[PDB]
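J.: One structure, as structure tokens, below. Some questions next.
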Amino acid sequence: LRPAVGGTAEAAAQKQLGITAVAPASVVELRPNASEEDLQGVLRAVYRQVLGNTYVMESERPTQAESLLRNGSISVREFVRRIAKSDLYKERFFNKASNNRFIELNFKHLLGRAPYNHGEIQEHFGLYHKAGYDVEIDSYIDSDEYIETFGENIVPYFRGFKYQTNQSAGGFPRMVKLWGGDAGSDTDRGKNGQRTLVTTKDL
Amino acid sequence: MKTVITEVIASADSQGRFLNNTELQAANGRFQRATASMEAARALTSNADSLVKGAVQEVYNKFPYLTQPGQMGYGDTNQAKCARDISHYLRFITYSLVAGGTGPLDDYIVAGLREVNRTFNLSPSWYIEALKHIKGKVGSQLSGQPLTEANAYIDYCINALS
Amino acid sequence: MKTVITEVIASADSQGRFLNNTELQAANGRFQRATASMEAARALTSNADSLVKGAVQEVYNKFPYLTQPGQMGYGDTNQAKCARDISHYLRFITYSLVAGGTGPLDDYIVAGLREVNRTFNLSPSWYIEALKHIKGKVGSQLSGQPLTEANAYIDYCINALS
Amino acid sequence: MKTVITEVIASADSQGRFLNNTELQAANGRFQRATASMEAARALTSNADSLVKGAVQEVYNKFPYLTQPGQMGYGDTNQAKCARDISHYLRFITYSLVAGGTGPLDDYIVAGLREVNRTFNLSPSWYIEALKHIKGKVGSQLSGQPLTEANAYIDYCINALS
Amino acid sequence: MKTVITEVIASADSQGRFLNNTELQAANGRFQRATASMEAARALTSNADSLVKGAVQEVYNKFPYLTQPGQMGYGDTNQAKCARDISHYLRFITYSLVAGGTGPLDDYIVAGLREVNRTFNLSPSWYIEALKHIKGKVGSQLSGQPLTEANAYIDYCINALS
Amino acid sequence: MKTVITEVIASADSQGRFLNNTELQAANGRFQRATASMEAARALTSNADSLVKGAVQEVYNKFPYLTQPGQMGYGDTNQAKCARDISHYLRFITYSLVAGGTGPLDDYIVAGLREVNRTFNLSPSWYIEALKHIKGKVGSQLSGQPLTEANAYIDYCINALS
Amino acid sequence: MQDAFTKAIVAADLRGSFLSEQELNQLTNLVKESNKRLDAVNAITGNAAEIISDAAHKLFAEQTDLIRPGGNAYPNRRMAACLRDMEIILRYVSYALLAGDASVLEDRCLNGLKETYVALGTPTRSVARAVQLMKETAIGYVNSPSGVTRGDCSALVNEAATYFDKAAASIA
Amino acid sequence: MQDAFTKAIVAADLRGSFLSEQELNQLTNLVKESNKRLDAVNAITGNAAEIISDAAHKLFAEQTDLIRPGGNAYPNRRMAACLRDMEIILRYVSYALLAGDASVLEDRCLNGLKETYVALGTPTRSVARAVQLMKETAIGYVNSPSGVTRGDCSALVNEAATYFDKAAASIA
Amino acid sequence: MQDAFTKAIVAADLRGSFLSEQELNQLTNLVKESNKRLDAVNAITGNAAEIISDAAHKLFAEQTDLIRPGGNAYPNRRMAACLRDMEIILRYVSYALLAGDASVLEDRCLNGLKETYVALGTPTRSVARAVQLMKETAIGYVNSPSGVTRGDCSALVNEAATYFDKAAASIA
Ligand SMILES: *[C@H](C)[C@H]1/C(=C/c2[nH]c(/C=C3N=C(/C=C4\NC(=O)C(CC)=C4C)C(C)=C\3CCC(=O)O)c(CCC(=O)O)c2C)NC(=O)[C@@H]1C
Ligand SMILES: *[C@H](C)[C@H]1/C(=C/c2[nH]c(/C=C3N=C(/C=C4\NC(=O)C(CC)=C4C)C(C)=C\3CCC(=O)O)c(CCC(=O)O)c2C)NC(=O)[C@@H]1C
Ligand SMILES: *[C@H](C)[C@H]1/C(=C/c2[nH]c(/C=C3N=C(/C=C4\NC(=O)C(CC)=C4C)C(C)=C\3CCC(=O)O)c(CCC(=O)O)c2C)NC(=O)[C@@H]1C
Ligand SMILES: *[C@H](C)[C@H]1/C(=C/c2[nH]c(/C=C3N=C(/C=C4\NC(=O)C(CC)=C4C)C(C)=C\3CCC(=O)O)c(CCC(=O)O)c2C)NC(=O)[C@@H]1C
Ligand SMILES: *[C@H](C)[C@H]1/C(=C/c2[nH]c(/C=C3N=C(/C=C4\NC(=O)C(CC)=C4C)C(C)=C\3CCC(=O)O)c(CCC(=O)O)c2C)NC(=O)[C@@H]1C
Ligand SMILES: *[C@H](C)[C@H]1/C(=C/c2[nH]c(/C=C3N=C(/C=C4\NC(=O)C(CC)=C4C)C(C)=C\3CCC(=O)O)c(CCC(=O)O)c2C)NC(=O)[C@@H]1C
Ligand SMILES: *[C@H](C)[C@H]1/C(=C/c2[nH]c(/C=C3N=C(/C=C4\NC(=O)C(CC)=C4C)C(C)=C\3CCC(=O)O)c(CCC(=O)O)c2C)NC(=O)[C@@H]1C
Ligand SMILES: *[C@H](C)[C@H]1/C(=C/c2[nH]c(/C=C3N=C(/C=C4\NC(=O)C(CC)=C4C)C(C)=C\3CCC(=O)O)c(CCC(=O)O)c2C)NC(=O)[C@@H]1C
Ligand SMILES: *[C@H](C)[C@H]1/C(=C/c2[nH]c(/C=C3N=C(/C=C4\NC(=O)C(CC)=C4C)C(C)=C\3CCC(=O)O)c(CCC(=O)O)c2C)NC(=O)[C@@H]1C
Ligand SMILES: *[C@H](C)[C@H]1/C(=C/c2[nH]c(/C=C3N=C(/C=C4\NC(=O)C(CC)=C4C)C(C)=C\3CCC(=O)O)c(CCC(=O)O)c2C)NC(=O)[C@@H]1C
Ligand SMILES: *[C@H](C)[C@H]1/C(=C/c2[nH]c(/C=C3N=C(/C=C4\NC(=O)C(CC)=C4C)C(C)=C\3CCC(=O)O)c(CCC(=O)O)c2C)NC(=O)[C@@H]1C
Ligand SMILES: *[C@H](C)[C@H]1/C(=C/c2[nH]c(/C=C3N=C(/C=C4\NC(=O)C(CC)=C4C)C(C)=C\3CCC(=O)O)c(CCC(=O)O)c2C)NC(=O)[C@@H]1C
């Protein structure tokens, strides 16, 4: 009958960390015969996740790509790959940043997690230098992790902040360094510019 | 800012490759055009006060009601804001001429333009009428390749407003 | 194939945008270079038979062992394959000159080169020696901007082999 | 479209759950509101001809220039297109009242509105003036909860135009 | 480093499962092979000085040109680096025997091999000739399952160079 | 089905790599264990009728209520389904012994077990009771490494039910 | 992507031959007319919004059906889609005009378009009429002197016409 | 990952030398005891569900607070997470016992675990107590396997103990 | 994936029966010959690069057309792709030989291959000829490994041959 002394509520930890909207992140799936209302939801979700809650002006919207998604010519997975290869992505996350910062940005944006070890950095830095940017971006989208979790119709969502099967222990603290909050973003447009949140020293 | 030079460098970096003759040829094209672009930029800068005042008056001639009371053209603050805005447009056009790309115009004016204009109830048609006035006067001032450069940057704005 | 023209068009398409002055300036740079590049291409084409013969002989002089029996230089089929390969290199260089990009060289020669050369046990050093021989002879044939164009495409190959 | 019923079903489906008391309570809220919403819809339908005529005339009074020659208000075709557009707005408002959501308004009017208006140079302010006229006249016709329902859908349009 | 033990553990970890009889059977195979692998490793270690000397001499016999002046084989520093490299190969072969996987060879030698050899102009063929020399001499030293183990790790290197 | 052999091949395929000594060592472990595993499998097959009869009776003794009317143990169909289910478990255990992995058990029994058992209201404790009875009788029949193999597959089931 | 130069190279490669002097001459002529070509591409880009608007106004006057309820360009979502399509086709025609080859138009814009329209229930003949209306407007802008040195641009105009015509024939 | 063999090679590599006969002898001893090691790993895997259950029962009897309202193991969502964590730690200890080296435990399980717990507000000392309770159960199974040849397993039991102890020390 | 053991179980399961003594006998014989099978798998992997190279040289001597301009093995990009394909097929045949079943070969390599080749325009009969040339080289290595104990490997050679033959028949 008597309560626990400490006595936090369930969700207290999430409340305290500010991960309460993403710890169990909602999953948005594009469904067949989707309404126009339904498609707009998916697009919003994509832009938020893939571009790191940075603002996209109406001039920057892709439009032709969305034409395909509405048609069914492409899947959510293909759409995500077009956005990641686009100059919208490249300008923010790639051109100003270093590779170290770019790689971890890609994990957060596309996989929804933090890099688990310095070997992931080593692999993706190596790919870029041998095969350039597009091959790199393809790796994340064409990976068992991507394919098993999201597959084709699910928009990527935040997987960190919950235990994933091959996760290292460093994975949850690293997601905390990557997450600024609901109002956070990963924006190039800052005083310091794009810097590495997750050092090599950390990995 | 998008310029010929930044764009070639960006492409090379994406491929992770040293710049090749393909990129350097493009770069050469920018540097050759620069003489005509500079000539345009100097002329627009020299006539900028007169260009702006005529541009603003043309908007008031085309839309007489603005000047009438209870309307956006009425009052000194409103009229001053007009001259400020057209001056911004000229400034970013001359910047684009010198930069060798539309990037200055794109980053300063084009991004967010539609949202800003909606919120403040600023009609794209007023700006377009001013730019068209400028285009006519520039045509008198410049000829040939200078003129071509000028006209292209003014046209870019007009299409973005449209 | 990557050329100045295809690259600007591809960029515009990726952004879903009409071609603007930034792109057209790059395009102009290709068309200005074209006169020197065509002159280079004609000289390489006219002397291609002699260029290939000398290049092959240079390889045999630089590596005397190849000519000895049980070696890759020995025998008619092997020697014929040498002349064929050097001719390919020249042909794709002239194509790149006329195309206004390294794209012809990249698609036909550079892609897959390392894997193919490994499997067939073809040394990069033989090719490099032949290309350098050509570069010296071209230097006699061409001068100024034609020479600069020629040298760039020959150097691209040399670096890819290296 | 978006209605209370479609939205609760969509939520349940996203979580992959059977509808629970939470959803059914929401649904009951829609069915209770229906009596007020129907009354509003019938009144708007009865006066729709008069509402549109007055709304169009109000636009002409608020912006006298439009009626002058060479302007969008001038000519039978133009005036007919005005009456058509305002009538559409009323029709989609009555549909939204009956549907129990803004979904009919969203799918027919709000989606693509900005791009269409830009291309055809149709000012949001003309529509907003007509809607506000209707809102005043509706206020005379309806009272209480019917009036509240009507006002909300007219306001939704006004905000979307704004 | 890939070994039988690390690979079974990695598989289990990937599925997030406890090690089962499937894994333990695999692990037993590594521990049974270990006695033959250790015997091979001891023999390679005992004759490693002689194996390296003969291997280096074989390279010079197979490619006589290297020894001539201005060539990679010529000079003390060059010859010293040859002996160093062959020694490295032997060392990583014995490590792979003891580890129960190709992982030692893979991480130390095979990764980056091609890029290093290209930059320093080191021919894969010289190494292959040395490894083949060793393989013949090992065959004299070892028999049966020790010999089989040795031959597999030498073959792995030869294929990686190829 | 997960077996030692399929798992090593799957790993190789994922890396896109030829099978190496690391994989072949694992494979050797499977083939050596096979002698003990076959002996276990033959013993379980020979005594399968007796093992099942005793297992079913043990469940009825451990939970006397089941046999009483209105309970799941009562009646011929129910008793028949019990004997069928225990027989399935034994069959998949012998399959796993022969296959050299837990894969037969995993694919046929373990996947979907919890959902099926919930819907049909089948207690894991009844199965666990039967398996433990079998384990005791097998212990009488087999010794040494055969016994160890048998025990591992029965234990896998017990943990999956738990 | 392919351009007129690249197309000639590909042909010569299949023959395994150095480009012929006649082939070279054709390419040299393309370089000679390149300034005029750049002017034409500029004209389309500079007047792009006007071209689409003028076409759209004419289309909807000609075919009242599309804008009525039950029409394919009703309501605003559909009308917006229609205007988007017109802009895309014009973009690709302009790309083709710079390239000197229709491949970019054919490979990206045109491929599968008719099938898509048929599935949607969009009337292909109306789409084709829109492309023809755009053509007449666009050709006028290239034709106008516009403070550009006066010359004969007839070959460039004809080439532009063909690209428009290809697009229309594919859709129709 | 690292195992005992891999660790020895890495050391010898830094010296740049062939493994010494003494180092070889140590490795041979590991191979000699490998059957016992396999039996120990089997004992943990075979009894894994029982190990966790027995630990959990003891933990919740010792610390009533965790299961009371507001407790860190209350309500079902949290209780489920607690049981999951215990299973993960046991898995990694078993991995380390097969490897003969604690690195897999340190690199994947232990590093950042304490930080995670502190951020969550999970009481680290209780987590450590859970690992100690699991240890006692597990070691019992290893010490009394069924049908196995009688022998001294004490060195392997001590090694298992150290892995549990490392985990506890990291977490606390 | 499937292996020889797994295949027998699946059959017995469909009958819903304990494996028959006859079925068991076949499996026992597979275990008896497993050492020879391991040697054969080793022979292919150890000589894999030579097998592909030797095949490639023979193929291009037989079919000069593929390497000329217009051929499917011209230019370097295509030649590289051809060599990649040969290596993939050999990999899967070696996997099948370890498994003792061709299913892995069929499901991962062979399924869809003929359709892919027809779309590409790759000549399937030449691909099949390459697989036959690889087979002759590979079988030679299996037949003559160095320092293996002398024995009859004929059944293993025949089994290898069938997997090569399956691949060839599927491709063409
Ligand atoms: C060579 C002169 C010296 C040297 C180099 C060296 N570097 C690494 C590892 C890395 N180097 C980088 C560098 C970059 N990151 C970036 O984003 C950029 C610019 C875009 C660069 C240049 C990175 C990311 C790594 C770490 C990841 C990786 O290894 O791929 C090493 C390897 C060290 C290791 O232990 O991993 C080395 C050796 N080292 C010397 O000794 C030279 C003097
Ligand atoms: C001139 C054609 C007409 C006119 C214009 C006018 N503008 C405003 C207000 C704003 N104008 C801008 C525009 C810009 N801000 C920028 O940063 C840039 C890019 C560099 C531009 C071109 C902005 C943002 C505002 C709104 C906020 C502000 O006050 O600065 C007004 C006042 C509208 C108001 O009530 O806020 C007016 C009237 N004036 C005329 O008389 C012409 C009709
Ligand atoms: C000349 C410096 C030396 C030499 C060369 C030689 N080359 C080959 C064989 C090939 N060379 C190529 C190269 C190309 N094929 C292409 O498609 C392109 C790009 C368009 C190139 C540059 C290829 C792919 C082959 C292999 C296939 C074939 O035989 O056609 C050989 C024979 C290689 C062999 O052993 O099979 C030789 C010897 N010959 C000399 O005398 C010089 C040392
Ligand atoms: C009335 C306030 C003013 C006016 C309006 C007017 N409208 C148009 C043209 C269009 N109106 C619409 C709007 C709709 N179409 C729809 O499908 C819906 C939702 C179901 C609406 C509300 C559209 C799309 C058009 C353009 C295409 C068409 O002609 O049908 C015009 C003509 C625009 C032109 O310049 O071509 C006019 C003038 N007329 C007046 O008198 C007021 C100023
Ligand atoms: C021997 C067959 C021939 C020869 C060899 C030689 N090697 C080098 C230089 C290097 N060798 C290596 C190789 C390794 N370094 C490693 O880290 C490993 C893995 C553990 C290996 C196998 C490397 C990296 C170098 C280059 C850098 C260095 O100097 O260490 C040379 C000199 C190369 C140069 O261009 O100066 C030589 C000559 N010498 C002979 O006589 C044979 C023909
Ligand atoms: C024996 C311990 C007790 C008992 C059992 C009993 N079982 C069922 C029904 C099912 N049993 C299974 C189990 C399996 N089906 C499979 O495919 C496999 C894996 C190969 C197993 C192990 C299934 C799925 C069923 C349900 C479908 C069916 O009816 O066939 C019943 C009847 C279920 C019911 O709800 O009525 C019973 C009673 N009977 C006893 O006496 C013991 C207590
Ligand atoms: C305008 C002249 C005519 C018209 C057009 C119209 N189009 C659609 C829908 C689509 N149109 C396209 C076409 C393209 N997508 C592309 O990416 C490209 C280039 C490769 C083209 C040209 C697509 C894919 C769609 C479907 C997806 C979407 O709706 O955005 C519509 C909408 C039809 C509907 O019911 O959804 C319309 C109305 N219709 C007319 O009546 C005009 C003659
Ligand atoms: C044909 C569509 C119309 C026409 C064109 C025309 N243009 C020129 C000359 C030039 N045009 C340009 C234009 C550009 N060069 C560039 O670099 C760019 C993009 C940055 C453009 C737009 C230039 C540089 C010239 C040369 C200088 C000059 O002004 O003469 C001519 C003259 C012939 C020529 O090819 O130079 C002509 C005929 N003329 C018409 O009347 C057509 C309607
Ligand atoms: C049980 C003995 C104790 C307990 C556990 C508990 N843990 C969580 C939450 C998490 N646990 C982990 C831990 C891991 N992640 C890893 O990477 C590893 C090994 C590599 C482990 C062990 C993680 C990441 C979480 C957060 C994600 C999740 O909740 O799924 C909780 C829940 C905390 C919350 O409020 O959500 C609990 C309760 N708590 C106790 O009371 C015991 C002492
Ligand atoms: C120590 C934890 C307890 C113990 C172990 C023990 N085991 C053996 C002997 C063997 N252990 C096995 C078992 C396996 N070999 C494998 O391949 C696998 C996985 C597939 C297992 C589980 C084998 C083969 C043997 C040898 C044959 C035999 O049955 O004797 C011993 C004897 C000494 C030795 O290992 O050589 C012992 C002591 N027994 C105890 O008393 C401890 C409590
Ligand atoms: C070599 C014997 C012959 C040859 C080969 C060749 N193949 C391609 C292209 C592809 N080949 C494949 C085949 C596979 N991919 C796989 O993953 C597998 C297993 C499932 C196989 C066997 C595929 C998918 C392609 C297409 C995409 C790609 O290139 O990776 C080519 C290139 C085709 C072209 O002309 O572009 C060639 C040349 N052709 C010959 O001449 C040989 C007889
Ligand atoms: C057939 C391809 C040729 C052949 C084979 C052959 N092999 C053996 C004997 C053995 N084969 C091995 C080899 C391995 N076992 C493993 O676990 C591994 C990977 C780690 C290998 C490569 C072993 C252990 C033996 C037994 C011991 C021994 O060396 O004799 C034989 C002998 C009889 C048998 O059936 O095992 C034969 C016949 N011999 C030929 O002549 C063919 C060309």
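Note on naming: chains are A, B, ... as they come in the structure tokens, residues start from 1 per chain, ligands start from 1 in the order shown.
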Which residues form the shell of 8 Å around ligand 2 when you count only C-alpha atoms and all ligand atoms, given as a JSON list (two decimals) with N, CA, C and O atoms, in the first residue's frame?
T.:
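The resulting file, out.json, is reproduced below:
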[["chain", "number", "residue", "atom", "x", "y", "z"],
["B", 56, "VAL", "N", 9.31, 53.51, -58.30],
["B", 56, "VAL", "CA", 8.30, 53.66, -57.29],
["B", 56, "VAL", "C", 7.15, 54.46, -57.88],
["B", 56, "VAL", "O", 6.01, 54.15, -57.63],
["B", 59, "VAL", "N", 4.88, 52.39, -60.12],
["B", 59, "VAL", "CA", 3.93, 51.59, -59.38],
["B", 59, "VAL", "C", 2.74, 52.46, -59.00],
["B", 59, "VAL", "O", 1.63, 52.02, -59.10],
["B", 60, "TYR", "N", 2.97, 53.70, -58.62],
["B", 60, "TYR", "CA", 1.89, 54.56, -58.22],
["B", 60, "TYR", "C", 1.07, 54.96, -59.44],
["B", 60, "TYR", "O", -0.12, 55.18, -59.29],
["B", 66, "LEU", "N", -3.31, 52.92, -54.62],
["B", 66, "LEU", "CA", -2.39, 52.75, -53.51],
["B", 66, "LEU", "C", -2.13, 54.09, -52.81],
["B", 66, "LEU", "O", -2.02, 54.14, -51.59],
["B", 67, "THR", "N", -2.04, 55.16, -53.58],
["B", 67, "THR", "CA", -1.68, 56.47, -53.05],
["B", 67, "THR", "C", -2.85, 57.06, -52.26],
["B", 67, "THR", "O", -2.64, 57.95, -51.44],
["B", 72, "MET", "N", -2.23, 50.91, -49.05],
["B", 72, "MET", "CA", -0.88, 50.56, -48.66],
["B", 72, "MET", "C", 0.13, 51.60, -49.15],
["B", 72, "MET", "O", 1.19, 51.74, -48.59],
["B", 73, "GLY", "N", -0.16, 52.29, -50.23],
["B", 73, "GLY", "CA", 0.78, 53.27, -50.75],
["B", 73, "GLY", "C", 0.75, 54.56, -49.95],
["B", 73, "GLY", "O", 1.63, 55.37, -50.10],
["B", 74, "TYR", "N", -0.31, 54.78, -49.17],
["B", 74, "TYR", "CA", -0.51, 56.06, -48.50],
["B", 74, "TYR", "C", 0.37, 56.19, -47.27],
["B", 74, "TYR", "O", 0.61, 55.20, -46.57],
["B", 75, "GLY", "N", 0.84, 57.41, -47.01],
["B", 75, "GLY", "CA", 1.67, 57.68, -45.85],
["B", 75, "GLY", "C", 3.16, 57.52, -46.11],
["B", 75, "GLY", "O", 3.57, 56.67, -46.90],
["B", 77, "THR", "N", 5.71, 56.40, -44.18],
["B", 77, "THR", "CA", 6.37, 55.16, -43.81],
["B", 77, "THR", "C", 6.17, 54.13, -44.92],
["B", 77, "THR", "O", 7.11, 53.41, -45.26],
["B", 78, "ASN", "N", 4.96, 54.07, -45.46],
["B", 78, "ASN", "CA", 4.61, 53.11, -46.50],
["B", 78, "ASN", "C", 5.40, 53.42, -47.76],
["B", 78, "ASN", "O", 5.96, 52.52, -48.41],
["B", 79, "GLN", "N", 5.46, 54.70, -48.12],
["B", 79, "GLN", "CA", 6.17, 55.08, -49.32],
["B", 79, "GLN", "C", 7.66, 54.84, -49.18],
["B", 79, "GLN", "O", 8.34, 54.50, -50.17],
["B", 80, "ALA", "N", 8.17, 55.04, -47.96],
["B", 80, "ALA", "CA", 9.59, 54.86, -47.68],
["B", 80, "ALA", "C", 9.95, 53.39, -47.79],
["B", 80, "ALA", "O", 11.04, 53.07, -48.24],
["B", 81, "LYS", "N", 9.04, 52.53, -47.34],
["B", 81, "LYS", "CA", 9.26, 51.10, -47.39],
["B", 81, "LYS", "C", 9.31, 50.63, -48.83],
["B", 81, "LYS", "O", 10.01, 49.67, -49.11],
["B", 82, "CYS", "N", 8.54, 51.28, -49.71],
["B", 82, "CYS", "CA", 8.57, 50.94, -51.11],
["B", 82, "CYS", "C", 9.97, 51.21, -51.65],
["B", 82, "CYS", "O", 10.61, 50.32, -52.22],
["B", 83, "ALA", "N", 10.47, 52.42, -51.43],
["B", 83, "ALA", "CA", 11.76, 52.78, -51.99],
["B", 83, "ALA", "C", 12.86, 51.88, -51.43],
["B", 83, "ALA", "O", 13.79, 51.53, -52.15],
["B", 84, "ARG", "N", 12.75, 51.51, -50.15],
["B", 84, "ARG", "CA", 13.70, 50.61, -49.53],
["B", 84, "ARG", "C", 13.69, 49.27, -50.26],
["B", 84, "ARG", "O", 14.75, 48.72, -50.51],
["B", 85, "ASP", "N", 12.50, 48.74, -50.57],
["B", 85, "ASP", "CA", 12.38, 47.41, -51.13],
["B", 85, "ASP", "C", 12.95, 47.37, -52.54],
["B", 85, "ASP", "O", 13.65, 46.45, -52.91],
["B", 86, "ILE", "N", 12.62, 48.37, -53.35],
["B", 86, "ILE", "CA", 13.12, 48.40, -54.70],
["B", 86, "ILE", "C", 14.63, 48.56, -54.63],
["B", 86, "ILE", "O", 15.33, 47.92, -55.40],
["B", 88, "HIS", "N", 16.59, 47.35, -52.40],
["B", 88, "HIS", "CA", 17.11, 46.04, -52.09],
["B", 88, "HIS", "C", 17.23, 45.22, -53.36],
["B", 88, "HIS", "O", 18.23, 44.58, -53.58],
["B", 89, "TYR", "N", 16.19, 45.23, -54.19],
["B", 89, "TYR", "CA", 16.16, 44.47, -55.42],
["B", 89, "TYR", "C", 17.31, 44.88, -56.31],
["B", 89, "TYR", "O", 18.04, 44.02, -56.77],
["B", 92, "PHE", "N", 20.70, 43.54, -54.86],
["B", 92, "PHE", "CA", 20.91, 42.12, -55.03],
["B", 92, "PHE", "C", 21.07, 41.73, -56.49],
["B", 92, "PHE", "O", 21.66, 40.69, -56.78],
["B", 108, "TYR", "N", 19.01, 35.90, -50.68],
["B", 108, "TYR", "CA", 18.47, 37.08, -50.02],
["B", 108, "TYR", "C", 17.00, 37.33, -50.36],
["B", 108, "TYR", "O", 16.24, 37.63, -49.46],
["B", 109, "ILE", "N", 16.58, 37.20, -51.62],
["B", 109, "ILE", "CA", 15.24, 37.61, -51.99],
["B", 109, "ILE", "C", 14.32, 36.41, -52.16],
["B", 109, "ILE", "O", 13.23, 36.40, -51.57],
["B", 113, "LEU", "N", 10.07, 34.46, -49.97],
["B", 113, "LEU", "CA", 9.43, 35.63, -50.56],
["B", 113, "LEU", "C", 7.92, 35.52, -50.50],
["B", 113, "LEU", "O", 7.24, 36.48, -50.12],
["B", 116, "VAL", "N", 6.48, 35.79, -46.89],
["B", 116, "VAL", "CA", 6.58, 37.13, -46.38],
["B", 116, "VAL", "C", 5.52, 38.00, -47.02],
["B", 116, "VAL", "O", 4.91, 38.82, -46.35],
["B", 117, "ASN", "N", 5.32, 37.83, -48.33],
["B", 117, "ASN", "CA", 4.45, 38.72, -49.07],
["B", 117, "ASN", "C", 3.00, 38.46, -48.68],
["B", 117, "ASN", "O", 2.21, 39.40, -48.64],
["B", 120, "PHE", "N", 2.40, 40.01, -45.05],
["B", 120, "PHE", "CA", 2.37, 41.45, -44.99],
["B", 120, "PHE", "C", 1.41, 42.01, -46.03],
["B", 120, "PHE", "O", 1.29, 43.24, -46.14],
["B", 121, "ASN", "N", 0.75, 41.14, -46.80],
["B", 121, "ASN", "CA", -0.16, 41.58, -47.85],
["B", 121, "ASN", "C", 0.55, 42.51, -48.84],
["B", 121, "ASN", "O", 0.00, 43.53, -49.21],
["B", 122, "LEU", "N", 1.74, 42.12, -49.28],
["B", 122, "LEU", "CA", 2.43, 42.84, -50.33],
["B", 122, "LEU", "C", 2.22, 42.13, -51.65],
["B", 122, "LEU", "O", 2.55, 40.96, -51.76],
["B", 123, "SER", "N", 1.62, 42.80, -52.64],
["B", 123, "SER", "CA", 1.29, 42.19, -53.93],
["B", 123, "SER", "C", 2.54, 41.99, -54.78],
["B", 123, "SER", "O", 3.29, 42.92, -54.99],
["B", 126, "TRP", "N", 3.03, 44.61, -57.74],
["B", 126, "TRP", "CA", 3.63, 45.92, -57.60],
["B", 126, "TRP", "C", 5.12, 45.85, -57.88],
["B", 126, "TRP", "O", 5.68, 46.72, -58.52],
["B", 127, "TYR", "N", 5.74, 44.82, -57.35],
["B", 127, "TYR", "CA", 7.17, 44.65, -57.51],
["B", 127, "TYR", "C", 7.45, 44.40, -58.98],
["B", 127, "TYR", "O", 8.40, 44.95, -59.53],
["B", 130, "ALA", "N", 7.49, 47.47, -61.00],
["B", 130, "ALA", "CA", 8.67, 48.27, -60.76],
["B", 130, "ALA", "C", 9.87, 47.69, -61.52],
["B", 130, "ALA", "O", 10.62, 48.43, -62.15]]
J.: Which residues are near ligand 1 in this structure, taking near to mean any atom at most 8 Å from a ligand atom and counting only C-alpha atoms and all ligand atoms? Format them as a list in words.
T.: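 Answer in the requested format: residues 98, 99, 100, 101, 118, 119, 121, 122, 123, 125, 126 and 200 of chain A.
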J.: Which residues are near ligand 9 - at most 7 Å, using only C-alpha atoms and all ligand atoms? Format: as a VMD selection string.
T.: (chain A and resid 10 to 14 161 to 163 167 to 172) or (chain H and resid 66 71 to 73 78 to 79 81 to 83 85 to 86 88 to 89 108 to 110 113 116 to 117 120 122 to 124 126 to 127 130)
